[PDB]
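Engineer: Sharing a structure here in C-alpha cells format.
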Amino acid sequence: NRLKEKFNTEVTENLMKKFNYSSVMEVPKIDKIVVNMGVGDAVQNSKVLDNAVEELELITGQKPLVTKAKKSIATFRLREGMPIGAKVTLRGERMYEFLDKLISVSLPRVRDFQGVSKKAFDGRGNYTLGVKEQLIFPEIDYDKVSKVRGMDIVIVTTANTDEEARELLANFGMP
Amino acid sequence: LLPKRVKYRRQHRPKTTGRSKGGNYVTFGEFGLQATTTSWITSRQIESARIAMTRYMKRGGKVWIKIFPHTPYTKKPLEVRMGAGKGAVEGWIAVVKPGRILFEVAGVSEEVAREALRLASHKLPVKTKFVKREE
Amino acid sequence: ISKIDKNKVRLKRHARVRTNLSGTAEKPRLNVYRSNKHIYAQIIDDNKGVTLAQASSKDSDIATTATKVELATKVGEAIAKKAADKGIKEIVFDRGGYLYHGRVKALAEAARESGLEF
Amino acid sequence: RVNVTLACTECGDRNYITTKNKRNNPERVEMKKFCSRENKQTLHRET
Amino acid sequence: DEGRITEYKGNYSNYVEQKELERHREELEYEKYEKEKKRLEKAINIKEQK
Amino acid sequence: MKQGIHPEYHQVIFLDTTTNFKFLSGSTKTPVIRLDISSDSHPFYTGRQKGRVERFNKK
Amino acid sequence: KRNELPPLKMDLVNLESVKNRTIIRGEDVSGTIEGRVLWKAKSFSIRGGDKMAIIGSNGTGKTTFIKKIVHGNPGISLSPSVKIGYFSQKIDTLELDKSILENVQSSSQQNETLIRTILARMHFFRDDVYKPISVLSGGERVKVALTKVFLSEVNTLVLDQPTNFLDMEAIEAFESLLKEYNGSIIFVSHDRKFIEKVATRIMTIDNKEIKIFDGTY
Amino acid sequence: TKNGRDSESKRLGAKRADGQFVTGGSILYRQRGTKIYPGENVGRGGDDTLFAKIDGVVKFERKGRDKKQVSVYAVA
RNA sequence: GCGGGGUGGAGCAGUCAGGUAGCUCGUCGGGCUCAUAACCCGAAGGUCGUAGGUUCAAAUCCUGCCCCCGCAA
RNA sequence: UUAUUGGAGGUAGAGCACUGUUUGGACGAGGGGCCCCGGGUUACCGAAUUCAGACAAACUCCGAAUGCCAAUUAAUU
RNA sequence: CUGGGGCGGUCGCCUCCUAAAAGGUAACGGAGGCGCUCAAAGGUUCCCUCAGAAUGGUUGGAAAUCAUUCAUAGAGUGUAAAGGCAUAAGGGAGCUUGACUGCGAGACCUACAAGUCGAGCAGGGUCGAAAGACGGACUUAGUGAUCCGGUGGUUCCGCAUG
RNA sequence: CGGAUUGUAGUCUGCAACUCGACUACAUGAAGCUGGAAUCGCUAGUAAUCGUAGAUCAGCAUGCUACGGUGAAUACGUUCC
RNA sequence: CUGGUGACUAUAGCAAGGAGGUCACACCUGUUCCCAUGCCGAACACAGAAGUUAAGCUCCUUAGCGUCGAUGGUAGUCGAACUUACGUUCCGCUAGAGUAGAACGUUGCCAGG
Ligand SMILES: Nc1ncnc2c1ncn2[C@@H]1O[C@H](COP(=O)(O)OP(=O)(O)OP(=O)(O)O)[C@@H](O)[C@H]1O
Ligand SMILES: [K+]
Ligand SMILES: [Mg+2]
Ligand SMILES: [Mg+2]
Ligand SMILES: [Mg+2]
Ligand SMILES: [Mg+2]
Ligand SMILES: [Mg+2]
Ligand SMILES: [Mg+2]
Ligand SMILES: [Mg+2]
Ligand SMILES: [Zn+2]
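If you read the sequences in order, they're chains A, B, C, D, E, F, G and H. Mapping of the first sequence onto the authors' numbering: residues 2 to 176, in sequence order. Mapping of the second sequence onto the authors' numbering: residues 2 to 136, in sequence order. Mapping of the third sequence onto the authors' numbering: residues 2 to 119, in sequence order. Mapping of the fourth sequence onto the authors' numbering: residues 2 to 48, in sequence order. Mapping of the fifth sequence onto the authors' numbering: residues 150 to 199, in sequence order. Mapping of the sixth sequence onto the authors' numbering: residues 1 to 30, 44 to 63, 69 to 77, in sequence order. Mapping of the seventh sequence onto the authors' numbering: residues 250 to 466, in sequence order. Mapping of the eighth sequence onto the authors' numbering: residues 18 to 93, in sequence order.
Written as C-alpha cells, this is what we have:
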C-alpha cells in the first residue's frame, strides 16, 4: 500500500507545513476517480457499446455502469433510455492503483507530453483528463480493433482551492 | 405599435370606471401629459401624437411613451346579422383613466414642451393637462 | 466535496414513517435512536408527548465492553422488563427511519421474546 | 387490447372478466383469484 | 388471404384465372365509384356557386 | 465487490528495465511485468530533452 | 382497394467485384463417409463471376461437397479473397435468440435502419423483427437466413437448397437477384426451370462420378 | 364555429359546515386533489372526497400556511 | 375567409396503408457524320417548398409558416 | 330576521412573487453584414443579469365588503 | 337547434374562463380534449429526489454521456385543462395479484332512470419483522337504456306422470 | 506487379537549372487486374516485339530520321461497307 | 446545559463571522461474518476506537436576503338618498402595498451533568 502510506506520511507532512493547517483533518484527499466513455455511435450500431464496455472492464478491473439518456435530442437522435456508453467509479486501493498505472506508466506513453494542463479545474479543486489514445493502457491489444474512442477521467477531491489541488497532485507526480 | 405575441386574441373589453392603478407620477422626464378623462387609445393615435411632438421638436429632444396597447378589440365583418361567434381583430388599445401619464418629455424647455404636448393632446380622444415633476 | 448528514437523511425518513404511525397510551411507539457507539431507546405516547419508558446502552448495568449487537438485544430486554410492569402489552415499532436488519432488528426480537409481544 | 374471461382450473367457473393486450400478453393468461365455490384462492386461466 | 379461406373448384390454373378476373372486376368497380364521386362533388361545387 | 461480474484482478510488479523502475500494483495481465517508458525514463519527468542555416553553413 | 403489400425486393449491400482469374480450385477430393464412395476423387475450379449450379438426385452428396468447400482442405485450394456466405439445408440460425435483429446483426455490421429496412422489404414489419426465430414459418426462416448471409461481408455465396419453402413471388426476386449478382454463387436446387435464368457452369453428380459443363441448353 | 361546449358541473365544495354535527360516512368536502387534507376520523376517498368515519363535530383546521385539514371530533 | 396543391429544367407516378425517389422528354461529355438532327455509350441533376415534433425508419403521419390555382371578398 | 362566534371560498381592489405582455436605461453572450487568422462596427441585439415604471377573464406573493353553511346561545316573529 | 329560414356549425361526455370569493347559472361567447391506455404505468415493502445555469473535460452550442457547486420547484406526474403531489400521488428495485367474493350504516348530486363517495362486518389472502396497507391507476372523461338473440353455470319451473 | 507523386541528399552542363534541364541514391509507392459506343495499322523477313545510331544540340527526345536481332497468323473469296 | 422525541403559521429560516469536544454526536480504522450497491464497503450494514475538532453537530453576536407586521390614510364595498354622470352625497365595514417596528425561536416528556 505504498501510495496510501506515501500520502499519509510524506505528502501530508509537506502540504500541512506548506499551507499551515490547524489539523490533519483539514487535509484534502481523493474521494473518487470517475471514468467515462460517452459514445453516441450506439444509435448507429450497438456493437460499439459492448466493445467499449469490455475495454472499460479490462482497464479498471471492475465492470462498468452503463449510462443512459434522460432527455431526447433530434440532432443526435438520442432518446430516453438509449445508452451513451458508460462510466466507472473507483475509490479505495483501486483508486491508487489506477493513479499509479497512469502516472508511472501511461502518461509517459503520451506521444507529445508537454507536462499537462494547469487550468483544468472546475473551480473547487477537482480535475479532468480528456484522454485521446485509449490504447495507452496495455490490455486493449489494439490489433483486434482500432477505435480508441478517447476517454474521460475525473479525479475528485476534498480540497477547496485549486491551489491545494495542484500541490497535492504535484506530490502525487502529475504536472 | 403592437405586441409580438399574445395568448388570447379575443379578450373581454376592459373596464373604464375608477382611476389609475398607476402611471400617475411623472418619472423619467421633466414634463408630461396627464389625462383628465377616460377613453381608449390606439396604436394609430399614439403614432400620430408621437410624430407630432417629434416634428415640433428638433432632433434635440427625448420622448417616453408610457402606455402600450396590450388589449386587442374586435369588430365584425360588415353587413352581418348578430351572433355567430366573435369577430376578428382590427386594433389594439390601451385604456386610460384620469391621472395617468401618457407621454413624458425631457430634453427641452417648458414652453417647447407645452406646445408639443398641446399639439399631441389634439390627436387623442382625451382631455389632458400639462404636468411637471413633484418635490 | 460536501459530506452528507446521515442523521438528517434518517430524520427525513423518520417523518415519512411517522406520517403513518403515531402511537397512543393504548399502544405507544418504541422510539429507537442509533449512534456509531451505541443505542438509545424510549417508549412514548404521542397524544401528549409523555415518554412512558426508556433504556439506553450508555448509563446502566447493561453497559459492557461489547458494542456488538448483543448490547442492542440487552437494551431490548431492559425496556421489556421496565415496561411490562407499566401495563404495556402491545406497541407500534418505530423503525426510526433506520433499516430493520441489524441492531434495530436485534432489539425488536429481544422485545418480542421478552413478553412485549407486538 | 381485448376482453378476457377467466376460469378456475378445478371447477371451470368463470368468476371474473378483465382485459388484456393480445400483443403484449398474448398467451393464455393465468392468475390466482378467489373462487367462490371452493372458498379458496385458486389459479384461474383464461378461456 | 387474411384468415379468410376462399374455395375454388378446379386446378391452380383455375385459381389464377378466377383471381385474375376478380382483381379486375374489383379495380373496375373502384374506378367507377371514384369517377362518380368526383362528378357529384363537382356538381355540388357549381350549384353552391350559383 | 460482487461475484460474477468482475474479471480476475491480482497483484503485479511492473518494471521499466530502461532504468529498472521497479514498481508494484494490480492489473489484469496474468507476476513479472515490463515497462518501456516511465517517470524515471521519460524526457519530461526526467528533465532531459534530446536548422536550414546551420545546414547551409555546413557546405 | 385491397391494401396490397409492396413486392419482394432482395438486396446485396455491395460487392466490390475483382473478377480475378480464379476463386476456388481443388484436386482429387476423395468423396466418402465410410464404406461408401459417394463420389470419385475429382478436381474442380471456379472463376470470377460464376453462377455455378449443382444437380443431383437424393443421397448423392451435394451437401457434403458443399461442406468440403466450407470446411477442411482435402484436395482443395482456396484464397483469402473469397468469404463464403453459407446458407444451409438446415436452419443455421439461433432458434430462441430473442430477435431476428440479434440473430442477424450477429454476423453483420450495418445500421439498424438499413437492416430493418431490408427486413421490411422481406415483409418483417416494425413489431415483427423482435419475434423469436423458432416461432416463425419456414419460408420466413429461410428469408432471414438469406438476409443474415447477405449482410455478412461476403463475395461468394454457397446455398444448399434455397428456394425450398419460399413462395412463388419471392423465388422470382431471388431468381433475378442471382441472375444480376456481379459475383460468384454456388448452390444446389432441383428446379431446372429456376436454373434456366441462373446457371453458367452447370454440374451433374450421378453414378458415383461427376461431370461439369458450361451454359444452359 | 369551433367552440361552444362545456361540461356538467360537479357540485364541489363544503357540504357540512364547521361546528356542525355529522354522522358516520358523511361527505364534508368534495374536491379534486387535496385542496383540503384529512384530519382525525376523516378519510380521503379515491376521488379525494372527505368523509367522516365516526359521528361527531366538524372542525376545519390549519396544517402550515398553505395546507388545511378537517377533523371530526366526538362530543359529550 | 373556404377548398385543393408545391417531387431534378418541363409534365406525371409514388402520400390513402410510413421501409434505400421512380417514368418520358430534356441537360452535360463522348461517339457516328463533310457538319447539324436523329441514333449509340456514359454521367450529372432532386434538404420531395420550408421549420418543428412522433418513429429504428418520413415525400409519406401531426404541427407551424411562405407561395401557386380557383371561388369568393 | 337580527346580535354573537366559527368556518369554507380567491371576487372588486391591489400587486408582479410565477405565466405571458411591455417601456426606457446600465452591462452584455456571442453571433451577423462588411474589411483586412485575429481584429474592428454610430447595428439585431436571440438571450442572461440588473435599476425604474407599467398590462391581464382564462397570472396571483396577497386579499375585502357582501352573500353562504351552521351553532346545546339570546331577542323579535 | 338557430337574432326568419337556409348554407356553414353543432347535437353525447370531460376540464378551464364568462360565473358577479358557497353551490348553481345562459348565448351560434371564448380556448382545448374524449370514444383510449397499463399485466404493470396496478397492490405492497424498501430506497431515491428533479429540471435548468456556471465551471472542468475527446467525437464539441463542452446542449449526447460525466464531475462538482448553485438551484424549493420552473422537471416529471401515460394522455386535454384545472386542482393537487417534492413529509411525495414523481423515479428505481424485490415479492405478488385486493384490477377479490357477499354486502353496506350514512352521505353528495338528483325531476326520473342513472351517477358518485363510503367507513365497517364476514370469508379467503399478497406484501411487510410488525403496526398496518390493499375492493385498481394523483383526481376528474375514456361511454349506450329496453326488447331481442348468442355462450356458460344452476341443491329453479317444466301444462296428467316421468 | 506497376513506378506516378512527393521528401531529403547529391552529379553534369552552363553566367545561372524557382518559374523551367536532364540524371542518380535513398525514402514513399498512387491509378491501373487488359478497356463502352466506336475505331486504327498491317499481306512477309512485313505485322509484332528488343535494342542501337544520328541531325538539331553547351545541356535536355516517350518525338523525328535510320539500323539491325527474333519472327508470325491468314487470305475461303468478292455477297456486303 | 447536552442528547433523544413531540407541539406551534420561518417572529423559528438563509447568510456572514466566531467558538467547543474522549462523558455525547461526529468525522474516522477496515470488509472479518449478517447485509449491500444496473460498478465501487461512497452509501447501506457490521468488528471497531488508533486518531481529529477540519467538517457535520451544537452555542454566541450581527438585521444583508427571506418571514411576520401595526396606527393613520387610501382604493374598494353591503346599505341608504340624489341622479344617468366613464357618477356624486351619508353611514358601517375594510384592503393590498408600504412606513415605524417585531424577530437570529419558544415550550412539553424522558435519560444524563
Ligand atoms: N452420418 C452419416 N452416417 C451415414 N450416412 C450418412 C451420414 N451423413 C450423411 N450420410 C449419407 O450420405 C449421403 C449424403 O447425402 P446429401 O445430403 O449430401 O445429398 P443431397 O445431394 O443433398 O441429396 P438430397 O438432399 O436430395 O437427399 C446420403 O446417403 C446420406 O444418407
Ligand atoms: K381631443
Ligand atoms: Mg379511482
Ligand atoms: Mg382586476
Ligand atoms: Mg382576475
Ligand atoms: Mg340565420
Ligand atoms: Mg332578423
Ligand atoms: Mg361560484
Ligand atoms: Mg309433462
Ligand atoms: Zn373453482
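Quick reminder that beta carbons are idealized off the backbone N, C-alpha and C, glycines included.
1) Would DSSP call B/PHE104 helix, strand or coil?
2) If you drop the 5 nearest sequence neighbours on each side, which residues of the same chain put their C-beta closer than 6 Å to that of C/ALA107?
3) So, do the stretch 341–353 of chain G and the stretch 404–423 of chain G have three or more beta carbon pairs nearer to each other than 8 Å?
4) Where do the ends of the beta strand (DSSP E) carrying A/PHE114 lie?
5) Would you check if the distance between the CB atom of A/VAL157 and the CB atom of A/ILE31 is smaller than 8 Å?
6) Pop quiz: B/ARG134 and B/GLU31 are said to be a contact at Cβ under 8 Å. What is the actual Cβ separation, rounded to whole angstroms?
7) Between F/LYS29 and chain A, is any beta-carbon pair separated by less than 8 Å?
8) Please tell me whether, using a cut-off of 7 Å, the distance from the CB of B/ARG82 to the nearest non-hydrogen atom of ligand 7 is below it.
9) How many Å lie between B/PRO126 and B/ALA36 at the Cα?
10) Could you tell me the distance, in whole angstroms, from the CA atom of G/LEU254 to the CA atom of G/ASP416?
11) Anyone know if the C-beta pair for A/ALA87 and A/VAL54 falls short of 8 Å?
12) For residue 41 of chain F, which residues from the same chain have a beta carbon less than 6 Å from its beta carbon, with the 5 sequence-adjacent residues on both sides left out?
13) Among the candidates H/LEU45, H/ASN20, H/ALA31, H/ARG28, whose CA atom is the shortest distance from the CA of H/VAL89?
14) Report the neighbours of A/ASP32 on chain C: residues whose CB is nearer than 7 Å to its CB, in chain order.
15) At a CB distance below 8 Å, what residues from the stretch 126–160 of chain A approach chain F? Give them in sequence order.
16) Can you name the start and end residues of the alpha helix (DSSP H) that C/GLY77 belongs to?
17) Does the beta-carbon of G/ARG450 have 16 or more other beta-carbons within 10 angstroms, so that it is buried, or is it exposed?
18) According to a CB-to-CB cut-off of less than 9 Å, which residues of the stretch 39–52 of chain A neighbour chain G?
19) Under the rule that 16 or more other beta-carbon atoms within 10 Å means buried, what is F/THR17, buried or exposed?
20) Where does H/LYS76 fall in DSSP's three states?
21) G/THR312 lies in the alpha helix (DSSP H); which residues open and close that run?
22) Please report the straight-line C-alpha distance between G/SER306 and E/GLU166, rounded to a whole angstrom.
23) At 8 Å on the CB atoms, spell out the chain A contacts of G/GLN358, in chain order.
24) Would you say C/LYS7 and C/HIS39 are within 8 Å of each other, going by their C-beta atoms?
25) My parser needs the alpha helix (DSSP H) runs of 4 or more residues fully inside the stretch 331–394 of chain G; what are they?
26) Residue range of the alpha helix (DSSP H) that E/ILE195 falls in?
27) Within its chain, find whatever has a CB closer than 7 Å to the CB of C/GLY98; leave out the 5 residues flanking it on each side and keep chain order.
28) How big is the Cα-Cα spacing for B/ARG20 and B/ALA117?
29) Kindly indicate if chain A contains any beta-carbon less than 8 Å away from that of F/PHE74.
30) Would B/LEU3 be called buried (16 or more neighbouring beta carbons within 10 Å of its own) or exposed?
31) Please find out if some non-hydrogen atom of ligand 2 comes closer than 7 Å to the beta-carbon of B/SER49.
32) Under 8 Å, Cβ to Cβ, is there at least one residue of chain F near A/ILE74?
33) Report yes if the C-beta distance between G/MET259 and G/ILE434 is below 8 Å; otherwise report no.
34) Ligand 2 and B/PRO126: does the residue's C-beta get closer than 7 Å to at least one heavy atom of that ligand?
35) Give the straight-line distance between the Cα atoms of residue 543 of chain G and G/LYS428, rounded to the nearest whole angstrom.
36) Is the beta carbon of H/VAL39 less than 8 Å from the beta carbon of H/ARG47?
Structural biologist: Short version:
1) Strand, per DSSP.
2) The answer, listed in chain order, is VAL70, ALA73, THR74.
3) No: fewer than three Cβ pairs fall under 8 Å.
4) Neither: A/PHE114 is in no beta strand (DSSP E) and is coded neither H nor E.
5) Going by C-beta atoms, A/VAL157 is nearer than 8 Å to A/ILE31.
6) Contact holds; Cβ gap of about 6 Å.
7) Yes - at least one Cβ of chain A is within 8 Å of the one on F/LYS29.
8) Yes, ligand 7 has a heavy atom inside 7 Å of this Cβ.
9) Each residue's alpha carbon lies about 10 Å from the other.
10) For G/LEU254 and G/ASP416, the distance between alpha carbons rounds to 14 Å.
11) Yes, they are a contact pair.
12) Here chain F breaks off after 30 and picks up again at 44, leaving residue 41 of chain F without coordinates.
13) Nearest of H/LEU45, H/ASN20, H/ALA31, H/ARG28 to H/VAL89, Cα basis: H/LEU45.
14) Residues of chain C passing the Cβ test: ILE2.
15) So the list reads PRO139, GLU140, given in the order they occur along the chain.
16) Segment 71–85, the alpha helix (DSSP H) holding C/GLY77.
17) G/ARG450 should be labelled buried.
18) Within the stretch 39–52 of chain A, the residues whose Cβ lies closer than 9 Å to any Cβ of chain G are, in chain order, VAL44, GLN45, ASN46, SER47, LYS48.
19) The residue is exposed, with fewer than 16 neighbouring Cβ atoms inside 10 Å.
20) The answer is strand: DSSP assigns H/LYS76 an E or B state.
21) Its alpha helix (DSSP H) spans residues 311–319.
22) Spanning the two alpha carbons is a distance of roughly 34 Å.
23) Scanning chain A for C-beta atoms nearer than 8 Å to the C-beta of G/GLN358 yields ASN46, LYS48, reported in chain order.
24) Contact annotation: C/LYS7 and C/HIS39 have beta-carbon atoms that are not nearer than 8 Å.
25) Listed in chain order, the complete alpha helix (DSSP H) runs (minimum 4 residues) inside the stretch 331–394 of chain G are 349–354, 361–370.
26) 161–198 is the extent of the alpha helix (DSSP H) around E/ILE195.
27) Residues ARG11, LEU12, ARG14, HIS15, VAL18 of the same chain have their beta carbon placed closer than 7 Å to that of C/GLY98, with the five preceding and five following residues left out of the count.
28) Cα to Cα, the separation comes out at about 26 Å.
29) Taking Cβ atoms only, chain A never reaches closer than 8 Å to F/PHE74, which makes this a no.
30) Taking all protein chains shown into account, B/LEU3 has fewer than 16 neighbouring C-beta atoms within 10 Å of its C-beta and is therefore exposed.
31) Checking every heavy atom of ligand 2 against the Cβ of B/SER49, none is found closer than 7 Å.
32) Contact with chain F is absent for A/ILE74, since none of that chain's Cβ atoms lies less than 8 Å from the residue's Cβ.
33) The beta carbons of G/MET259 and G/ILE434 sit no closer together than 8 Å.
34) Taking 7 Å as the cut-off, one finds at least one heavy atom of ligand 2 near enough to the beta carbon of B/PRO126.
35) For chain G, the structure presents residues 250 to 466; residue 543 of chain G sits outside this window and is missing.
36) No. Outside cutoff.
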